[PDB]
>>> print(open('target.cif').read())   # mmCIF, C-alpha atoms and all ligand atoms
data_my_file
#
loop_
_atom_site.label_atom_id
_atom_site.label_comp_id
_atom_site.auth_asym_id
_atom_site.auth_seq_id
_atom_site.Cartn_x
_atom_site.Cartn_y
_atom_site.Cartn_z
CA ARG A 1 89.60 101.81 110.78
CA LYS A 2 85.80 101.68 111.15
CA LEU A 3 85.39 98.83 113.62
CA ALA A 4 82.22 100.27 115.18
CA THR A 5 79.71 102.05 112.92
CA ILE A 6 76.02 102.89 113.02
CA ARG A 7 74.35 100.57 110.51
CA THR A 8 70.84 99.47 109.51
CA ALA A 9 69.30 96.08 110.14
CA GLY A 10 68.65 94.52 106.76
CA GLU A 11 66.62 91.37 106.13
CA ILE A 12 65.84 89.38 109.28
CA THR A 13 65.43 85.68 108.68
CA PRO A 14 64.50 82.92 111.12
CA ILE A 15 67.04 80.37 112.28
CA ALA A 16 65.30 77.01 111.92
CA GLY A 17 64.98 75.04 115.15
CA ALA A 18 66.25 77.90 117.36
CA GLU A 19 63.31 80.11 118.25
CA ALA A 20 65.22 82.38 120.70
CA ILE A 21 67.60 83.86 118.06
CA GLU A 22 67.34 84.98 114.45
CA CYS A 23 69.63 85.96 111.61
CA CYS A 24 70.22 89.65 110.92
CA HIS A 25 71.75 90.95 107.69
CA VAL A 26 73.89 94.09 108.16
CA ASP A 27 75.28 95.31 104.79
CA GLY A 28 77.12 92.24 103.43
CA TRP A 29 77.41 90.61 106.89
CA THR A 30 75.14 88.09 108.59
CA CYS A 31 74.95 88.24 112.34
CA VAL A 32 72.93 86.39 114.98
CA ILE A 33 70.71 88.51 117.25
CA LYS A 34 68.27 87.83 120.04
CA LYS A 35 64.81 87.37 118.53
CA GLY A 36 63.03 90.72 118.37
CA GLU A 37 66.16 92.70 119.28
CA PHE A 38 65.82 94.41 115.90
CA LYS A 39 63.43 94.58 113.03
CA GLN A 40 64.40 95.44 109.48
CA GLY A 41 65.33 99.10 109.17
CA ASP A 42 66.33 99.56 112.81
CA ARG A 43 69.68 101.22 113.42
CA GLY A 44 72.36 99.80 115.68
CA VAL A 45 76.08 99.86 116.30
CA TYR A 46 77.77 97.09 114.36
CA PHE A 47 81.12 95.85 115.63
CA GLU A 48 83.13 94.10 112.95
CA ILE A 49 85.09 90.91 113.35
CA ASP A 50 88.63 91.67 114.62
CA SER A 51 87.17 94.29 116.96
CA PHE A 52 88.60 94.06 120.47
CA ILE A 53 86.04 95.13 123.06
CA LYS A 54 87.27 95.94 126.58
CA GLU A 55 85.56 94.09 129.43
CA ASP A 56 82.22 95.61 130.52
CA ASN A 57 79.39 93.36 131.71
CA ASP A 58 76.85 96.19 131.90
CA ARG A 59 77.12 97.11 128.22
CA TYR A 60 78.54 93.85 126.80
CA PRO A 61 77.32 90.96 129.01
CA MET A 62 76.95 88.82 125.89
CA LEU A 63 80.78 88.88 125.80
CA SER A 64 81.50 87.89 129.43
CA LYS A 65 82.64 84.26 129.04
CA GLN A 66 84.92 85.29 126.13
CA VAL A 67 87.09 87.85 127.94
CA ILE A 68 90.83 87.32 127.35
CA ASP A 69 94.09 89.10 128.17
CA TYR A 70 95.32 90.92 125.07
CA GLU A 71 98.05 93.58 124.87
CA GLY A 72 97.72 94.22 128.61
CA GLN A 73 93.92 94.69 128.59
CA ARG A 74 90.94 92.50 129.45
CA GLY A 75 88.45 92.27 126.61
CA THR A 76 86.87 90.20 123.87
CA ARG A 77 87.99 89.53 120.31
CA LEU A 78 85.07 89.31 117.90
CA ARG A 79 85.64 86.47 115.45
CA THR A 80 83.82 84.32 112.91
CA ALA A 81 81.49 81.73 114.47
CA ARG A 82 78.98 79.03 113.47
CA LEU A 83 75.67 79.24 115.39
CA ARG A 84 73.04 76.51 114.90
CA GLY A 85 74.63 75.94 111.48
CA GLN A 86 74.44 79.68 110.81
CA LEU A 87 77.48 81.78 109.90
CA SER A 88 77.75 84.64 112.42
CA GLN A 89 80.15 87.58 112.13
CA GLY A 90 80.19 90.63 114.36
CA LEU A 91 78.09 92.17 117.10
CA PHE A 92 74.99 94.29 116.47
CA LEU A 93 73.49 96.24 119.36
CA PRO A 94 70.47 98.59 119.32
CA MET A 95 71.00 102.34 119.51
CA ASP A 96 69.26 102.56 122.90
CA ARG A 97 72.22 100.88 124.59
CA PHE A 98 74.30 103.96 123.61
CA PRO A 99 72.73 107.12 125.07
CA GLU A 100 75.84 109.10 124.10
CA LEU A 101 75.15 108.38 120.41
CA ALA A 102 71.66 109.98 120.44
CA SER A 103 72.78 112.84 118.18
CA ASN A 104 74.63 110.61 115.72
CA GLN A 105 73.61 109.66 112.18
CA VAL A 106 73.55 106.42 110.20
CA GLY A 107 76.98 105.55 108.87
CA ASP A 108 78.92 107.40 111.56
CA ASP A 109 82.20 105.89 112.71
CA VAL A 110 81.88 105.47 116.50
CA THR A 111 85.11 103.45 116.95
CA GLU A 112 86.93 106.13 118.93
CA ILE A 113 84.00 107.27 121.05
CA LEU A 114 83.32 103.65 122.09
CA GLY A 115 87.01 102.84 122.70
CA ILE A 116 87.15 99.90 120.30
CA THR A 117 90.55 98.66 119.16
CA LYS A 118 91.75 96.17 116.55
CA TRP A 119 92.82 92.60 117.27
CA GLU A 120 95.59 91.25 115.08
CA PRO A 121 97.54 88.00 114.93
CA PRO A 122 101.05 88.05 116.38
CA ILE A 123 103.71 89.25 113.97
CA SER A 124 106.31 86.71 112.86
CA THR A 125 109.83 86.58 114.29
CA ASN A 126 112.19 88.05 111.66
CA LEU A 127 109.54 90.40 110.28
CA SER A 128 109.96 92.78 113.17
CA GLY A 129 113.40 94.29 112.76
CA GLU A 130 115.24 97.34 113.83
CA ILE A 131 113.18 100.21 112.51
CA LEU A 132 114.88 102.93 110.49
CA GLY A 133 111.90 105.25 110.25
CA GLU A 134 108.18 105.81 109.79
CA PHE A 135 106.38 104.07 106.98
CA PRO A 136 106.82 106.72 104.25
CA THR A 137 103.98 109.25 104.23
CA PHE A 138 104.41 109.49 100.44
CA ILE A 139 103.43 105.82 99.89
CA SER A 140 99.95 104.39 100.34
CA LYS A 141 99.66 101.49 102.75
CA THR A 142 98.19 98.24 101.42
CA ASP A 143 95.01 97.82 103.47
CA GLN A 144 91.93 96.73 101.49
CA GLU A 145 88.26 97.25 102.32
CA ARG A 146 85.98 94.21 102.63
CA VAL A 147 83.28 93.54 100.03
CA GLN A 148 80.82 93.19 102.92
CA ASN A 149 81.29 96.91 103.57
CA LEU A 150 80.84 97.96 99.93
CA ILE A 151 77.20 97.21 99.03
CA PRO A 152 76.52 100.53 97.21
CA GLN A 153 79.94 100.67 95.55
CA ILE A 154 79.54 97.08 94.30
CA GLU A 155 76.30 98.07 92.57
CA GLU A 156 77.74 101.43 91.46
CA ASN A 157 80.52 99.46 89.70
CA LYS A 158 78.23 97.11 87.78
CA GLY A 159 79.81 96.65 84.35
CA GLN A 160 83.35 97.47 85.53
CA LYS A 161 86.25 95.06 85.04
CA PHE A 162 88.56 93.97 87.86
CA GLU A 163 91.83 92.11 88.07
CA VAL A 164 91.26 89.12 90.36
CA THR A 165 94.28 87.93 92.33
CA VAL A 166 94.74 85.34 95.04
CA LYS A 167 95.04 86.86 98.53
CA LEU A 168 98.25 85.39 99.97
CA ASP A 169 98.48 85.04 103.77
CA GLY A 170 101.87 86.48 104.64
CA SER A 171 102.91 89.97 105.60
CA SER A 172 102.79 93.21 103.64
CA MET A 173 106.17 94.36 102.30
CA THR A 174 107.05 97.55 100.41
CA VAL A 175 110.32 98.14 98.51
CA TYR A 176 110.70 101.63 97.12
CA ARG A 177 112.93 104.25 95.55
CA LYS A 178 112.56 107.97 96.17
CA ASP A 179 115.39 109.93 94.50
CA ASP A 180 118.70 108.92 96.13
CA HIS A 181 117.10 106.57 98.68
CA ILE A 182 115.92 102.99 98.41
CA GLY A 183 114.16 101.47 101.40
CA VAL A 184 112.52 98.26 102.54
CA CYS A 185 109.38 98.43 104.69
CA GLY A 186 107.15 96.03 106.43
CA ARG A 187 103.50 96.80 107.03
CA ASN A 188 103.91 99.87 109.27
CA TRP A 189 107.61 100.84 109.40
CA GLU A 190 110.77 101.14 107.30
CA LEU A 191 113.43 98.65 108.32
CA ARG A 192 117.20 98.51 108.69
CA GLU A 193 119.08 95.96 106.63
CA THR A 194 120.48 93.28 108.92
CA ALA A 195 121.67 89.77 108.21
CA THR A 196 118.55 88.50 109.93
CA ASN A 197 115.80 90.73 108.47
CA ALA A 198 113.45 88.69 106.27
CA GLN A 199 112.10 91.57 104.17
CA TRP A 200 115.55 92.82 103.17
CA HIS A 201 116.60 89.24 102.42
CA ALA A 202 113.69 88.71 100.02
CA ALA A 203 114.46 92.05 98.36
CA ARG A 204 118.12 91.18 97.76
CA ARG A 205 117.35 87.63 96.64
CA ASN A 206 114.99 88.63 93.82
CA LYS A 207 117.18 91.65 92.84
CA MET A 208 114.20 94.01 93.13
CA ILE A 209 116.43 96.75 94.55
CA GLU A 210 118.63 96.44 91.46
CA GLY A 211 115.42 96.44 89.42
CA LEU A 212 114.33 99.75 90.93
CA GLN A 213 117.77 101.24 90.29
CA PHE A 214 117.30 100.05 86.71
CA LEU A 215 113.83 101.58 86.27
CA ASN A 216 115.15 104.90 87.67
CA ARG A 217 111.67 105.91 88.88
CA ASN A 218 110.10 106.80 92.21
CA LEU A 219 108.12 103.61 92.67
CA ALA A 220 106.98 101.48 95.58
CA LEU A 221 106.92 97.74 94.88
CA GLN A 222 104.20 96.35 97.14
CA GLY A 223 103.62 92.67 97.77
CA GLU A 224 103.34 89.83 100.25
CA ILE A 225 106.32 88.07 101.80
CA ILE A 226 105.17 84.49 102.51
CA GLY A 227 106.83 81.21 103.39
CA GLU A 228 108.32 79.41 106.36
CA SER A 229 107.42 80.75 109.82
CA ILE A 230 105.24 83.45 108.19
CA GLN A 231 101.66 83.15 109.46
CA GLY A 232 101.70 79.36 109.47
CA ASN A 233 103.16 79.10 105.93
CA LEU A 234 99.87 78.14 104.28
CA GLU A 235 101.50 77.63 100.88
CA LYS A 236 104.07 75.22 102.43
CA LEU A 237 106.93 77.07 100.76
CA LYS A 238 110.56 76.32 101.41
CA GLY A 239 112.24 79.52 102.51
CA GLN A 240 110.46 82.83 102.01
CA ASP A 241 109.63 84.95 98.98
CA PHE A 242 107.97 88.16 97.81
CA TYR A 243 104.93 88.19 95.53
CA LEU A 244 104.03 91.54 94.02
CA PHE A 245 100.44 92.77 93.99
CA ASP A 246 100.74 96.56 93.49
CA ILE A 247 103.09 99.30 92.28
CA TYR A 248 102.55 102.78 93.73
CA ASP A 249 103.68 105.76 91.62
CA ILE A 250 105.17 108.06 94.23
CA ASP A 251 105.44 111.15 92.02
CA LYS A 252 101.82 110.96 90.83
CA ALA A 253 100.49 109.71 94.21
CA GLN A 254 98.57 106.86 92.61
CA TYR A 255 98.75 103.14 91.91
CA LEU A 256 99.73 101.74 88.55
CA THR A 257 96.89 100.07 86.69
CA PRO A 258 97.01 96.27 86.39
CA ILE A 259 98.11 96.59 82.76
CA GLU A 260 100.77 99.14 83.65
CA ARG A 261 101.95 96.90 86.51
CA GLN A 262 102.07 93.86 84.26
CA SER A 263 104.21 95.66 81.67
CA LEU A 264 106.59 96.92 84.29
CA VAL A 265 106.83 93.40 85.71
CA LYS A 266 107.53 92.01 82.24
CA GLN A 267 110.33 94.55 81.73
CA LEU A 268 111.92 93.63 85.06
CA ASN A 269 111.68 89.99 83.98
CA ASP A 270 113.16 90.77 80.55
CA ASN A 271 116.17 92.42 82.27
CA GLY A 272 117.00 89.66 84.73
CA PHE A 273 115.10 90.86 87.82
CA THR A 274 112.34 88.28 88.18
CA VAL A 275 109.87 89.71 90.66
CA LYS A 276 107.19 87.12 91.24
CA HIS A 277 103.52 88.15 91.19
CA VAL A 278 100.53 87.06 93.30
CA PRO A 279 98.49 84.56 91.21
CA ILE A 280 96.30 86.34 88.65
CA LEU A 281 92.96 84.79 87.72
CA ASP A 282 90.51 85.71 84.96
CA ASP A 283 89.49 89.36 84.86
CA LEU A 284 85.93 89.66 86.19
CA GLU A 285 83.24 91.91 84.75
CA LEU A 286 81.39 92.89 87.90
CA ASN A 287 77.65 92.12 87.91
CA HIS A 288 77.30 90.48 91.31
CA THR A 289 76.01 90.70 94.86
CA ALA A 290 78.44 90.74 97.77
CA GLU A 291 77.22 87.23 98.63
CA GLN A 292 78.17 86.02 95.16
CA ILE A 293 81.59 87.69 95.34
CA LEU A 294 82.19 85.99 98.69
CA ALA A 295 81.19 82.68 97.11
CA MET A 296 84.15 83.04 94.73
CA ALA A 297 86.66 83.58 97.55
CA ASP A 298 87.24 79.89 98.30
CA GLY A 299 89.47 77.86 96.00
CA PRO A 300 93.08 77.04 95.17
CA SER A 301 95.86 79.31 96.40
CA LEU A 302 99.37 79.71 94.92
CA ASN A 303 99.88 76.16 96.13
CA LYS A 304 96.89 74.62 94.36
CA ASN A 305 96.56 71.82 96.95
CA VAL A 306 95.66 74.31 99.72
CA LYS A 307 92.55 76.44 100.14
CA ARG A 308 93.28 80.16 99.79
CA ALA A 309 92.54 82.98 102.24
CA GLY A 310 90.42 84.76 99.63
CA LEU A 311 90.58 87.16 96.68
CA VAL A 312 91.45 90.80 96.02
CA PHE A 313 89.74 92.75 93.23
CA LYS A 314 91.43 95.72 91.54
CA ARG A 315 89.50 97.77 89.00
CA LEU A 316 91.31 98.16 85.69
CA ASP A 317 91.94 101.88 86.25
CA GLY A 318 93.60 101.00 89.57
CA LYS A 319 91.38 103.35 91.59
CA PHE A 320 88.88 100.99 93.27
CA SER A 321 89.96 97.85 95.09
CA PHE A 322 88.55 95.48 97.69
CA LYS A 323 89.17 92.13 99.38
CA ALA A 324 86.88 89.10 99.58
CA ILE A 325 88.08 86.89 102.41
CA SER A 326 87.06 83.22 102.32
CA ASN A 327 84.74 82.44 105.21
CA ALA A 328 85.68 78.76 104.97
CA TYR A 329 89.26 79.89 105.63
CA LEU A 330 88.18 81.84 108.72
CA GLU A 331 86.36 78.80 110.12
CA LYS A 332 89.37 76.55 109.49
CA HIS A 333 91.90 79.02 110.93
CA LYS A 334 90.57 80.28 114.26
CA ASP A 335 93.71 82.43 114.59
CA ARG A 336 92.49 84.72 111.79
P1 LIG B 1 94.07 90.96 104.39
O1 LIG B 1 92.71 90.70 105.00
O2 LIG B 1 95.24 90.70 105.30
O3 LIG B 1 94.11 92.53 104.04
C1 LIG B 1 94.80 93.04 102.90
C2 LIG B 1 96.27 92.63 102.88
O4 LIG B 1 96.42 91.39 102.15
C3 LIG B 1 97.74 91.30 101.65
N1 LIG B 1 97.62 90.71 100.29
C4 LIG B 1 97.81 89.41 100.01
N2 LIG B 1 97.56 89.12 98.71
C5 LIG B 1 97.15 90.25 98.13
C6 LIG B 1 96.72 90.66 96.77
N3 LIG B 1 96.63 89.78 95.76
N4 LIG B 1 96.40 91.95 96.57
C7 LIG B 1 96.45 92.85 97.57
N5 LIG B 1 96.83 92.56 98.83
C8 LIG B 1 97.20 91.30 99.17
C9 LIG B 1 98.37 92.70 101.70
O5 LIG B 1 99.38 92.70 102.71
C10 LIG B 1 97.20 93.59 102.16
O6 LIG B 1 97.62 94.65 103.01
MN MN B 2 96.87 89.43 105.68
#
>>> encode(input="target.cif", output="structure tokens")
Amino acid sequence: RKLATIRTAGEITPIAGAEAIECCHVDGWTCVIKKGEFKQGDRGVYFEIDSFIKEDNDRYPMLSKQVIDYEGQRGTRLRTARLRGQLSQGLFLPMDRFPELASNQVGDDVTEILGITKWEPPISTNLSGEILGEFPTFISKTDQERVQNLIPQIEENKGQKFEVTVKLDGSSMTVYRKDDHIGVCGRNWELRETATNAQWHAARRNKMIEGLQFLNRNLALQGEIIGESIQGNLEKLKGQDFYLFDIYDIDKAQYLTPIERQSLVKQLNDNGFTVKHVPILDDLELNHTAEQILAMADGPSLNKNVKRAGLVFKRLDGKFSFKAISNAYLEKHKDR
């Protein structure tokens, strides 16, 4: 959760026909600034899209007309915008607006000291349930870092191969076995089985609980539940369903590699537990800029008549992964 970090102004490029602003590159992001607010190499606090910034017209007067009520507080949600034809994401403010950060270094996470919180879309009806417990501390959650935030790592991984999957727009769902317990989790909690709980229903329907009893291993099956009344049902499914994208090895505290995961999926298939998988595209040998990766994000989703939310890249050893969200998708879906 690094919503607000100290970053470096990259290339600064004019915005044709708008002399009072210019375009500022910050890592893989592009962001509109007041002309002369920065020059290349200056440091500033960068606030990512999905940041929620509490109302304050002394420090954030550029946000005044966009204040909303959210989770009981007045503040502004930073979102993708289109300025003079120019794609703008985030807020970039010079260090001298933050006297309390005078001692800080480039790259520092200042999210807590600045009080920034995360905006998120409302959760869907039957995906909140009765909670049975914490999300298990022995299972990794499924968050992915954005390619825009991975400029050095993208170049450090030149030559490496990644599994490329379609990023489905649903909700994260984890089904797991640890010794004598099998549980079903949403994104942040473990859930009780009820007749009305969507996650449990998808787990029973595809027999993945039976499949985990078959495999007899401490594994977390991690995937996206999508379909009707889930986040606008982009794929236009009937009903709801689970699509696997990861298997976490609980005992070894690590994810299965894509080839390990594909074998384990094939064996579940071959034994009558057909777990579906997020769409898998051609493996990609990485030799790209973040801009080029982002240019691949748009395209066909699971439903090939709809434009997907983006891509997720998983290195073949399973130990480096990131997401490339489609900016066309973010312009089309203002609730994202
Ligand atoms: P998104 O920006 O919501 O952040 C990552 C989450 O995306 C979901 N997800 C959908 N499809 C995939 C694939 N193919 N791989 C990994 N994750 C995926 C998960 O719920 C993530 O937590
Ligand atoms: Mn999502």
>>> atom_distance(input="target.cif", atom1="atom CA of residue A:1", atom2="atom CA of residue A:51")
10.0 Å
>>> closest_atom_pairs(input="target.cif", of="chain A", to="ligand MN 2 (chain B)", cutoff="7 Å", atoms="all atoms listed in the file", output="tab-separated table")
residue	atom	partner	partner_atom	distance
A:169	CA	B:MN2	MN	5.1
A:170	CA	B:MN2	MN	5.9
A:171	CA	B:MN2	MN	6.1
>>> residues_near_point(input="target.cif", point="(78.1, 83.2, 115.8)", cutoff="12 Å", atoms="all atoms listed in the file", output="ChimeraX atom specification")
/A:15,21-24,29-34,49,62-63,78-92,331
>>> residues_near_ligand(input="target.cif", ligand="ligand LIG 1 (chain B)", cutoff="6 Å", atoms="only C-alpha atoms and all ligand atoms", output="ChimeraX atom specification")
/A:142-144,165-169,171-172,224,245,278,312
>>> atom_distance(input="target.cif", atom1="atom CA of residue A:223", atom2="atom CA of residue A:208")
11.6 Å
>>> residues_near_point(input="target.cif", point="(116.7, 98.5, 95.7)", cutoff="9 Å", atoms="all atoms listed in the file", output="count of residues only")
16
>>> closest_residue(input="target.cif", among="A:42, A:163, A:145, A:96", to="residue A:317", atoms="only C-alpha atoms")
A:163
>>> closest_atom_pairs(input="target.cif", of="stretch 10-92 of chain A", to="stretch 118-133 of chain A", cutoff="12 Å", atoms="all atoms listed in the file", output="tab-separated table")
residue	atom	partner	partner_atom	distance
A:47	CA	A:118	CA	10.7
A:48	CA	A:118	CA	9.6
A:49	CA	A:119	CA	8.8
A:50	CA	A:119	CA	5.0
A:51	CA	A:118	CA	5.0
A:52	CA	A:118	CA	5.5
A:53	CA	A:118	CA	8.7
A:54	CA	A:118	CA	11.0
A:68	CA	A:119	CA	11.6
A:69	CA	A:119	CA	11.5
A:70	CA	A:119	CA	8.4
A:71	CA	A:119	CA	9.3
A:73	CA	A:119	CA	11.6
A:75	CA	A:119	CA	10.3
A:76	CA	A:119	CA	9.2
A:77	CA	A:119	CA	6.5
A:78	CA	A:119	CA	8.4
A:79	CA	A:119	CA	9.6
>>> closest_residue(input="target.cif", among="A:250, A:280, A:109, A:217", to="residue A:264", atoms="only C-alpha atoms")
A:217
>>> atom_distance(input="target.cif", atom1="atom CA of residue A:214", atom2="atom CA of residue A:268")
8.5 Å
>>> residues_around(input="target.cif", residues="residue A:322", least_positions_apart="5", cutoff="10 Å", atoms="only C-alpha atoms", output="PyMOL selection string")
chain A and resi 143-150+154+162+311-315
>>> write_last_selection(input="target.cif", atoms="C-alpha atoms", output="compact mmCIF listing (two decimals), keeping the file's coordinate frame")
# COMPACT_ATOMS: atom_id res chain seq x y z
CA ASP A 143 95.01 97.82 103.47
CA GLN A 144 91.93 96.73 101.49
CA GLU A 145 88.26 97.25 102.32
CA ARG A 146 85.98 94.21 102.63
CA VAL A 147 83.28 93.54 100.03
CA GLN A 148 80.82 93.19 102.92
CA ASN A 149 81.29 96.91 103.57
CA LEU A 150 80.84 97.96 99.93
CA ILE A 154 79.54 97.08 94.30
CA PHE A 162 88.56 93.97 87.86
CA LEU A 311 90.58 87.16 96.68
CA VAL A 312 91.45 90.80 96.02
CA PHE A 313 89.74 92.75 93.23
CA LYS A 314 91.43 95.72 91.54
CA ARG A 315 89.50 97.77 89.00
>>> closest_residue(input="target.cif", among="A:302, A:110, A:9, A:290", to="residue A:236", atoms="only C-alpha atoms")
A:302
>>> residues_around(input="target.cif", residues="residue A:7", least_positions_apart="6", cutoff="10 Å", atoms="all atoms listed in the file", output="VMD selection string")
chain A and resid 26 to 27 41 to 47 92 to 95 105 to 109
>>> closest_residue(input="target.cif", among="A:256, A:230, A:198, A:16", to="residue A:320", atoms="all atoms listed in the file")
A:256
>>> closest_residue(input="target.cif", among="A:272, A:17, A:173, A:262", to="residue A:225", atoms="all atoms listed in the file")
A:173
>>> residues_around(input="target.cif", residues="residue A:202", least_positions_apart="3", cutoff="8 Å", atoms="all atoms listed in the file", output="list in words")
residues 198, 199, 205, 206, 225, 240, 241 and 242 of chain A
>>> axis_aligned_box(input="target.cif", around="stretch 319-329 of chain A", padding_each_side="4 Å", output="JSON")
{"center_x": 88.1, "center_y": 91.1, "center_z": 98.6, "size_x": 14.6, "size_y": 32.6, "size_z": 22.0}
